[PDB]
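Shown next: model.cif, containing mmCIF, C-alpha atoms and all ligand atoms; chains and numbers go by the auth columns.
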data_upload
#
loop_
_atom_site.group_PDB
_atom_site.id
_atom_site.type_symbol
_atom_site.label_atom_id
_atom_site.label_comp_id
_atom_site.label_asym_id
_atom_site.label_seq_id
_atom_site.Cartn_x
_atom_site.Cartn_y
_atom_site.Cartn_z
_atom_site.B_iso_or_equiv
_atom_site.auth_seq_id
_atom_site.auth_asym_id
ATOM 1 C CA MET A 1 0.000 0.000 0.000 0.00 1 A
ATOM 2 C CA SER A 2 1.016 3.611 -0.655 0.00 2 A
ATOM 3 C CA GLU A 3 1.172 6.116 2.202 0.00 3 A
ATOM 4 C CA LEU A 4 -2.213 7.457 1.064 0.00 4 A
ATOM 5 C CA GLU A 5 -3.783 3.996 1.079 0.00 5 A
ATOM 6 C CA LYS A 6 -2.330 3.327 4.554 0.00 6 A
ATOM 7 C CA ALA A 7 -3.775 6.629 5.779 0.00 7 A
ATOM 8 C CA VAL A 8 -7.203 5.628 4.440 0.00 8 A
ATOM 9 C CA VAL A 9 -7.068 2.308 6.244 0.00 9 A
ATOM 10 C CA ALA A 10 -5.788 4.037 9.413 0.00 10 A
ATOM 11 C CA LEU A 11 -8.901 6.228 9.520 0.00 11 A
ATOM 12 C CA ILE A 12 -11.034 3.084 9.450 0.00 12 A
ATOM 13 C CA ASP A 13 -8.849 1.373 12.084 0.00 13 A
ATOM 14 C CA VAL A 14 -8.865 4.333 14.486 0.00 14 A
ATOM 15 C CA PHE A 15 -12.623 4.876 14.145 0.00 15 A
ATOM 16 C CA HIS A 16 -13.259 1.246 15.091 0.00 16 A
ATOM 17 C CA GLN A 17 -10.700 1.254 17.912 0.00 17 A
ATOM 18 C CA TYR A 18 -13.043 3.749 19.618 0.00 18 A
ATOM 19 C CA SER A 19 -16.536 3.029 18.274 0.00 19 A
ATOM 20 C CA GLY A 20 -16.388 -0.565 19.455 0.00 20 A
ATOM 21 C CA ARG A 21 -15.718 0.215 23.116 0.00 21 A
ATOM 22 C CA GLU A 22 -19.279 0.853 24.318 0.00 22 A
ATOM 23 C CA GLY A 23 -22.856 0.428 23.141 0.00 23 A
ATOM 24 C CA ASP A 24 -23.373 0.769 19.410 0.00 24 A
ATOM 25 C CA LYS A 25 -20.145 -0.698 18.064 0.00 25 A
ATOM 26 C CA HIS A 26 -20.511 1.277 14.831 0.00 26 A
ATOM 27 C CA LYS A 27 -20.824 4.764 16.367 0.00 27 A
ATOM 28 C CA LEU A 28 -18.916 7.000 18.752 0.00 28 A
ATOM 29 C CA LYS A 29 -20.913 8.038 21.789 0.00 29 A
ATOM 30 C CA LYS A 30 -19.673 11.070 23.737 0.00 30 A
ATOM 31 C CA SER A 31 -17.371 9.094 26.047 0.00 31 A
ATOM 32 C CA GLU A 32 -15.738 7.370 23.075 0.00 32 A
ATOM 33 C CA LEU A 33 -15.327 10.626 21.144 0.00 33 A
ATOM 34 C CA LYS A 34 -13.670 12.270 24.166 0.00 34 A
ATOM 35 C CA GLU A 35 -11.225 9.369 24.477 0.00 35 A
ATOM 36 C CA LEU A 36 -10.469 9.446 20.747 0.00 36 A
ATOM 37 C CA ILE A 37 -9.678 13.167 20.859 0.00 37 A
ATOM 38 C CA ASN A 38 -7.569 13.008 24.037 0.00 38 A
ATOM 39 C CA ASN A 39 -5.661 9.864 23.087 0.00 39 A
ATOM 40 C CA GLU A 40 -5.292 10.219 19.327 0.00 40 A
ATOM 41 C CA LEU A 41 -5.128 13.975 18.637 0.00 41 A
ATOM 42 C CA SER A 42 -2.994 15.141 21.565 0.00 42 A
ATOM 43 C CA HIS A 43 -0.552 16.880 19.208 0.00 43 A
ATOM 44 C CA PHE A 44 -3.316 18.718 17.257 0.00 44 A
ATOM 45 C CA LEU A 45 -6.126 19.472 19.710 0.00 45 A
ATOM 46 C CA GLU A 46 -6.137 20.590 23.330 0.00 46 A
ATOM 47 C CA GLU A 47 -7.105 17.910 25.835 0.00 47 A
ATOM 48 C CA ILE A 48 -10.773 17.897 26.616 0.00 48 A
ATOM 49 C CA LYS A 49 -11.521 17.896 30.354 0.00 49 A
ATOM 50 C CA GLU A 50 -14.991 19.460 30.418 0.00 50 A
ATOM 51 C CA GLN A 51 -18.238 17.748 29.707 0.00 51 A
ATOM 52 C CA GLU A 52 -19.468 20.923 28.138 0.00 52 A
ATOM 53 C CA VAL A 53 -16.786 20.833 25.521 0.00 53 A
ATOM 54 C CA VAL A 54 -17.618 17.204 24.789 0.00 54 A
ATOM 55 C CA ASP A 55 -21.289 18.058 24.240 0.00 55 A
ATOM 56 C CA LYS A 56 -20.357 20.915 21.927 0.00 56 A
ATOM 57 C CA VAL A 57 -17.973 18.887 19.741 0.00 57 A
ATOM 58 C CA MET A 58 -20.562 16.195 19.375 0.00 58 A
ATOM 59 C CA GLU A 59 -23.257 18.671 18.657 0.00 59 A
ATOM 60 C CA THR A 60 -21.136 20.055 15.916 0.00 60 A
ATOM 61 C CA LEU A 61 -20.403 16.595 14.474 0.00 61 A
ATOM 62 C CA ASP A 62 -23.811 14.944 14.797 0.00 62 A
ATOM 63 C CA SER A 63 -25.382 15.722 11.408 0.00 63 A
ATOM 64 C CA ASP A 64 -28.166 13.117 11.587 0.00 64 A
ATOM 65 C CA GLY A 65 -29.088 14.017 15.166 0.00 65 A
ATOM 66 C CA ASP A 66 -28.984 10.561 16.760 0.00 66 A
ATOM 67 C CA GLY A 67 -26.662 11.796 19.499 0.00 67 A
ATOM 68 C CA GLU A 68 -23.586 9.877 18.349 0.00 68 A
ATOM 69 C CA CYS A 69 -20.938 10.217 15.652 0.00 69 A
ATOM 70 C CA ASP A 70 -21.088 7.603 12.895 0.00 70 A
ATOM 71 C CA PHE A 71 -18.385 6.895 10.303 0.00 71 A
ATOM 72 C CA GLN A 72 -19.592 9.459 7.767 0.00 72 A
ATOM 73 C CA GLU A 73 -19.732 12.088 10.507 0.00 73 A
ATOM 74 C CA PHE A 74 -16.258 11.056 11.699 0.00 74 A
ATOM 75 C CA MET A 75 -14.973 11.505 8.163 0.00 75 A
ATOM 76 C CA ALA A 76 -16.324 15.067 8.233 0.00 76 A
ATOM 77 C CA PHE A 77 -14.436 15.563 11.518 0.00 77 A
ATOM 78 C CA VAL A 78 -11.224 14.277 9.923 0.00 78 A
ATOM 79 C CA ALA A 79 -11.726 16.690 7.028 0.00 79 A
ATOM 80 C CA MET A 80 -12.125 19.584 9.482 0.00 80 A
ATOM 81 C CA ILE A 81 -8.936 18.664 11.345 0.00 81 A
ATOM 82 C CA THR A 82 -6.953 17.971 8.206 0.00 82 A
ATOM 83 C CA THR A 83 -8.052 21.173 6.468 0.00 83 A
ATOM 84 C CA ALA A 84 -7.216 23.143 9.637 0.00 84 A
ATOM 85 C CA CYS A 85 -3.742 21.636 9.734 0.00 85 A
ATOM 86 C CA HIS A 86 -3.267 22.361 6.019 0.00 86 A
ATOM 87 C CA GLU A 87 -4.414 25.971 6.368 0.00 87 A
ATOM 88 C CA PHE A 88 -2.097 26.506 9.338 0.00 88 A
ATOM 89 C CA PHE A 89 0.921 25.596 7.225 0.00 89 A
ATOM 90 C CA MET B 1 2.559 11.067 16.504 0.00 1 B
ATOM 91 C CA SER B 2 -0.482 8.819 16.847 0.00 2 B
ATOM 92 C CA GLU B 3 -1.785 6.554 14.093 0.00 3 B
ATOM 93 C CA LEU B 4 -4.565 9.074 13.381 0.00 4 B
ATOM 94 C CA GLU B 5 -2.168 12.046 13.389 0.00 5 B
ATOM 95 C CA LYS B 6 0.168 10.286 10.964 0.00 6 B
ATOM 96 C CA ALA B 7 -2.820 9.614 8.713 0.00 7 B
ATOM 97 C CA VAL B 8 -3.859 13.268 8.729 0.00 8 B
ATOM 98 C CA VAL B 9 -0.406 14.539 7.732 0.00 9 B
ATOM 99 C CA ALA B 10 -0.054 11.798 5.093 0.00 10 B
ATOM 100 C CA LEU B 11 -3.125 13.242 3.323 0.00 11 B
ATOM 101 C CA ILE B 12 -1.523 16.697 3.254 0.00 12 B
ATOM 102 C CA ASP B 13 1.818 15.223 2.180 0.00 13 B
ATOM 103 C CA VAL B 14 0.423 13.275 -0.769 0.00 14 B
ATOM 104 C CA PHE B 15 -1.633 16.263 -1.941 0.00 15 B
ATOM 105 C CA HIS B 16 1.449 18.461 -1.886 0.00 16 B
ATOM 106 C CA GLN B 17 3.548 15.905 -3.667 0.00 17 B
ATOM 107 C CA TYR B 18 1.258 16.007 -6.713 0.00 18 B
ATOM 108 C CA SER B 19 -0.137 19.557 -6.606 0.00 19 B
ATOM 109 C CA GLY B 20 3.377 20.976 -6.724 0.00 20 B
ATOM 110 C CA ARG B 21 4.365 19.353 -10.016 0.00 21 B
ATOM 111 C CA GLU B 22 2.881 21.862 -12.474 0.00 22 B
ATOM 112 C CA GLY B 23 1.313 25.309 -12.517 0.00 23 B
ATOM 113 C CA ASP B 24 -0.519 26.274 -9.333 0.00 24 B
ATOM 114 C CA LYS B 25 1.524 24.602 -6.613 0.00 25 B
ATOM 115 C CA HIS B 26 -1.581 24.460 -4.377 0.00 26 B
ATOM 116 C CA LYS B 27 -3.992 22.760 -6.803 0.00 27 B
ATOM 117 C CA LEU B 28 -4.146 19.507 -8.776 0.00 28 B
ATOM 118 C CA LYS B 29 -4.649 19.942 -12.507 0.00 29 B
ATOM 119 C CA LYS B 30 -5.883 17.012 -14.544 0.00 30 B
ATOM 120 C CA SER B 31 -2.483 15.517 -15.201 0.00 31 B
ATOM 121 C CA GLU B 32 -1.502 15.739 -11.534 0.00 32 B
ATOM 122 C CA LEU B 33 -4.776 14.178 -10.423 0.00 33 B
ATOM 123 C CA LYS B 34 -4.318 11.307 -12.886 0.00 34 B
ATOM 124 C CA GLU B 35 -0.796 10.739 -11.570 0.00 35 B
ATOM 125 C CA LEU B 36 -1.893 10.741 -7.932 0.00 36 B
ATOM 126 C CA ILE B 37 -4.631 8.198 -8.611 0.00 37 B
ATOM 127 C CA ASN B 38 -2.467 5.950 -10.760 0.00 38 B
ATOM 128 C CA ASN B 39 0.522 6.017 -8.399 0.00 39 B
ATOM 129 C CA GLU B 40 -0.977 6.344 -4.927 0.00 40 B
ATOM 130 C CA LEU B 41 -4.356 4.661 -5.263 0.00 41 B
ATOM 131 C CA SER B 42 -3.228 1.715 -7.389 0.00 42 B
ATOM 132 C CA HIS B 43 -4.476 -0.824 -4.854 0.00 43 B
ATOM 133 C CA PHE B 44 -7.887 0.884 -4.540 0.00 44 B
ATOM 134 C CA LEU B 45 -8.869 2.291 -7.929 0.00 45 B
ATOM 135 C CA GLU B 46 -8.732 1.154 -11.553 0.00 46 B
ATOM 136 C CA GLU B 47 -5.779 2.758 -13.342 0.00 47 B
ATOM 137 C CA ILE B 48 -6.770 5.786 -15.415 0.00 48 B
ATOM 138 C CA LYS B 49 -5.713 5.284 -18.953 0.00 49 B
ATOM 139 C CA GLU B 50 -8.138 7.569 -20.905 0.00 50 B
ATOM 140 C CA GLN B 51 -8.710 11.467 -20.977 0.00 51 B
ATOM 141 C CA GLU B 52 -12.431 10.995 -20.783 0.00 52 B
ATOM 142 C CA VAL B 53 -12.065 9.221 -17.441 0.00 53 B
ATOM 143 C CA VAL B 54 -9.693 11.907 -16.109 0.00 54 B
ATOM 144 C CA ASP B 55 -12.052 14.654 -17.288 0.00 55 B
ATOM 145 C CA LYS B 56 -14.935 12.964 -15.523 0.00 56 B
ATOM 146 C CA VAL B 57 -13.179 12.469 -12.202 0.00 57 B
ATOM 147 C CA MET B 58 -12.082 16.122 -12.227 0.00 58 B
ATOM 148 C CA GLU B 59 -15.578 17.383 -13.084 0.00 59 B
ATOM 149 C CA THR B 60 -16.877 15.302 -10.179 0.00 60 B
ATOM 150 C CA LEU B 61 -14.308 16.712 -7.728 0.00 61 B
ATOM 151 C CA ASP B 62 -14.254 20.312 -8.917 0.00 62 B
ATOM 152 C CA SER B 63 -16.907 21.853 -6.671 0.00 63 B
ATOM 153 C CA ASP B 64 -15.780 25.452 -7.128 0.00 64 B
ATOM 154 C CA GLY B 65 -15.685 25.179 -10.921 0.00 65 B
ATOM 155 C CA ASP B 66 -12.122 26.397 -11.493 0.00 66 B
ATOM 156 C CA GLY B 67 -11.030 23.319 -13.475 0.00 67 B
ATOM 157 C CA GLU B 68 -8.648 21.966 -10.827 0.00 68 B
ATOM 158 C CA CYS B 69 -8.847 20.102 -7.534 0.00 69 B
ATOM 159 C CA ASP B 70 -7.761 22.093 -4.457 0.00 70 B
ATOM 160 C CA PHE B 71 -7.107 20.715 -1.001 0.00 71 B
ATOM 161 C CA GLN B 72 -10.686 20.919 0.245 0.00 72 B
ATOM 162 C CA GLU B 73 -11.902 19.197 -2.921 0.00 73 B
ATOM 163 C CA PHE B 74 -9.222 16.557 -2.488 0.00 74 B
ATOM 164 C CA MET B 75 -10.387 15.977 1.079 0.00 75 B
ATOM 165 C CA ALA B 76 -13.863 15.311 -0.290 0.00 76 B
ATOM 166 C CA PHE B 77 -12.340 12.754 -2.649 0.00 77 B
ATOM 167 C CA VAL B 78 -10.539 11.104 0.280 0.00 78 B
ATOM 168 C CA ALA B 79 -13.821 10.921 2.203 0.00 79 B
ATOM 169 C CA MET B 80 -15.425 9.192 -0.807 0.00 80 B
ATOM 170 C CA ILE B 81 -12.630 6.644 -1.090 0.00 81 B
ATOM 171 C CA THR B 82 -12.460 5.991 2.654 0.00 82 B
ATOM 172 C CA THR B 83 -16.207 5.450 2.859 0.00 83 B
ATOM 173 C CA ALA B 84 -16.030 3.001 -0.056 0.00 84 B
ATOM 174 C CA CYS B 85 -13.148 1.200 1.631 0.00 85 B
ATOM 175 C CA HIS B 86 -15.042 1.082 4.922 0.00 86 B
ATOM 176 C CA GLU B 87 -18.012 -0.639 3.270 0.00 87 B
ATOM 177 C CA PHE B 88 -15.663 -3.125 1.582 0.00 88 B
ATOM 178 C CA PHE B 89 -14.003 -4.151 4.848 0.00 89 B
ATOM 179 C CA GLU B 90 -17.531 -4.397 6.242 0.00 90 B
HETATM 180 N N1 LIG C . 4.449 14.494 7.594 0.00 101 C
HETATM 181 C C1 LIG C . 4.406 15.891 7.811 0.00 101 C
HETATM 182 N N2 LIG C . 4.268 16.662 6.830 0.00 101 C
HETATM 183 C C2 LIG C . 4.470 16.400 9.229 0.00 101 C
HETATM 184 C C3 LIG C . 5.216 15.675 10.145 0.00 101 C
HETATM 185 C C4 LIG C . 5.288 16.080 11.479 0.00 101 C
HETATM 186 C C5 LIG C . 4.599 17.207 11.899 0.00 101 C
HETATM 187 O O1 LIG C . 4.699 17.563 13.228 0.00 101 C
HETATM 188 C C6 LIG C . 3.838 18.453 13.804 0.00 101 C
HETATM 189 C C7 LIG C . 2.572 18.067 14.229 0.00 101 C
HETATM 190 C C8 LIG C . 1.715 18.995 14.819 0.00 101 C
HETATM 191 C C9 LIG C . 2.115 20.311 14.976 0.00 101 C
HETATM 192 C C10 LIG C . 1.229 21.334 15.600 0.00 101 C
HETATM 193 C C11 LIG C . 1.274 22.710 15.361 0.00 101 C
HETATM 194 C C12 LIG C . 0.229 23.206 16.202 0.00 101 C
HETATM 195 C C13 LIG C . -0.193 24.523 16.379 0.00 101 C
HETATM 196 C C14 LIG C . -1.245 24.795 17.257 0.00 101 C
HETATM 197 C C15 LIG C . -1.866 23.751 17.950 0.00 101 C
HETATM 198 C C16 LIG C . -2.997 24.023 18.899 0.00 101 C
HETATM 199 N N3 LIG C . -3.999 23.252 18.915 0.00 101 C
HETATM 200 N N4 LIG C . -2.940 25.145 19.771 0.00 101 C
HETATM 201 C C17 LIG C . -1.435 22.440 17.772 0.00 101 C
HETATM 202 C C18 LIG C . -0.389 22.185 16.890 0.00 101 C
HETATM 203 N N5 LIG C . 0.243 21.059 16.499 0.00 101 C
HETATM 204 C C19 LIG C . 3.373 20.679 14.556 0.00 101 C
HETATM 205 C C20 LIG C . 4.237 19.766 13.971 0.00 101 C
HETATM 206 C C21 LIG C . 3.835 17.934 10.983 0.00 101 C
HETATM 207 C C22 LIG C . 3.763 17.526 9.642 0.00 101 C
HETATM 208 CA CA CA C . -19.754 2.925 20.469 0.00 102 C
HETATM 209 CA CA CA C . -25.030 10.947 14.319 0.00 103 C
HETATM 210 CA CA CA C . -0.443 21.997 -9.632 0.00 104 C
HETATM 211 CA CA CA C . -11.663 23.364 -8.000 0.00 105 C
HETATM 212 CA CA CA C . -12.134 25.932 -3.401 0.00 106 C
#
Mind converting the file's structure to structure tokens?
Amino acid sequence: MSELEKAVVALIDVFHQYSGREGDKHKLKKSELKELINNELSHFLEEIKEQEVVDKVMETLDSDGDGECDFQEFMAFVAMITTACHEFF
Amino acid sequence: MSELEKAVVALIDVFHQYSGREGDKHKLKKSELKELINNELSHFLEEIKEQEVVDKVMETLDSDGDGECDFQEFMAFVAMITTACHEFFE
């Protein structure tokens, strides 16, 4: 696999590392999303320690309004983070 | 960096590697897009061997109508591919 193909597969891997921890194994509930952000984006995003900030991130991400973040919604999150990083540089 | 962080920067790296070849260093023209797909997506997508196919992929990706694929448009392409790959592994 190329570096791009590996990156694609990594997005899938990381999503499932967190979505499968609790409840719906195909979606990130708030607790899972918080853990993903604190554990996997510690060099890009400030550590989340407030429940408020959890609720806001999720509210931003939850396009279909079911209260969790599914894969499509997570992809939108990755695009936000990636675009932000790109724009920074 | 984490697995996810490495993935994020890989997307930016690969886009820069091809967008910088010709003309606007911050956008992919048709030839650059063809080269990225053929060289970096060779395990995922059928090799592009015809102009009609290149034209079509670019038209699909070119949301802002400027004839090229910029980073945000490329990110949309990555989302498409990743979603397709997700369904495959599922
Ligand atoms: N493959 C590459 N191209 C590549 C390789 C290694 C790289 O290392 C870095 C990773 C992350 C950052 C970084 C800047 C920054 C600014 C503000 C904030 C914030 N949230 N206040 C967080 C931030 N994190 C810097 C360098 C970067 C690219
Ligand atoms: Ca879950
Ligand atoms: Ca949702
Ligand atoms: Ca270019
Ligand atoms: Ca464009
Ligand atoms: Ca644009």
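Note that the spacing between atom CA of residue 41 of chain A and atom CA of residue 25 of chain B amounts to 28.2 Å.
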Counting only C-alpha atoms, which residues of chain B sit at most 6 Å from some atom of chain A, and what is each one's closest atom pair with its distance in Å to one decimal, listed by chain and rising residue number, as JSON lines?
{"residue": "B:2", "atom": "CA", "partner": "A:40", "partner_atom": "CA", "distance": 5.6}
{"residue": "B:7", "atom": "CA", "partner": "A:7", "partner_atom": "CA", "distance": 4.3}
{"residue": "B:8", "atom": "CA", "partner": "A:82", "partner_atom": "CA", "distance": 5.7}
{"residue": "B:40", "atom": "CA", "partner": "A:2", "partner_atom": "CA", "distance": 5.4}
{"residue": "B:82", "atom": "CA", "partner": "A:8", "partner_atom": "CA", "distance": 5.6}
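Closest approach to ligand LIG 101 (chain C) among A:58, A:84, A:33, A:28: A:84, based on all atoms listed in the file.
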Inset, instruction - Skip residue 34 of chain B itself and residues of its chain fewer than 5 positions away, then list as number ranges by chain all residues within 10 Å of it, counting all atoms listed in the file. - result: B: 18, 28-29, 39-40, 47-51, 53-55, 57-58
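Residues of protein, DNA or RNA having any atom at most 8 Å from ligand LIG 101 (chain C), counting all atoms listed in the file, are residues 43, 44, 45, 46, 85 and 88 of chain A; 1, 5, 6, 9, 10, 12 and 13 of chain B.
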Inset, instruction - Please provide the set of residues having any atom within 12 Å of residue 73 of chain B, restricted to all atoms listed in the file, with same-chain residues fewer than 6 positions apart removed, written as a PyMOL selection string. - result: (chain A and resi 79+83) or (chain B and resi 15+26-28+33+57-67+79-80)
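The smallest atom-to-atom distance between ligand CA 103 (chain C) and any of A:89, A:27, A:22, A:66, using all atoms listed in the file, is found for A:66.
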Legend entry - Residues matched by the PyMOL selection byres (((not hetatm)) within 8 of (chain C and resi 103)) as an MDAnalysis selection string: chainID A and resid 27 61:70 73
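Coordinates place atom CA of residue 34 of chain A at a distance of 9.6 Å from atom CA of residue 50 of chain A.
Proximity ranking of A:16, A:55, A:77, A:29 relative to ligand CA 102 (chain C) places A:29 first, based on only C-alpha atoms and all ligand atoms.
Across the structure, atom CA of residue 87 of chain B and atom CA of residue 23 of chain A are spaced 20.5 Å apart.
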What box, with edges along x, y and z, holds each listed atom of segment 10-27 of chain A when 6 Å is added on every side, and can you state its centre and edge lengths in Å to one decimal, as JSON?
{"center_x": -14.6, "center_y": 2.8, "center_z": 16.9, "size_x": 29.6, "size_y": 18.9, "size_z": 26.9}
Inset, instruction - Using all atoms listed in the file, find the one residue out of A:51, A:17, A:60, A:31 that sits nearest to residue 3 of chain B. - result: A:17
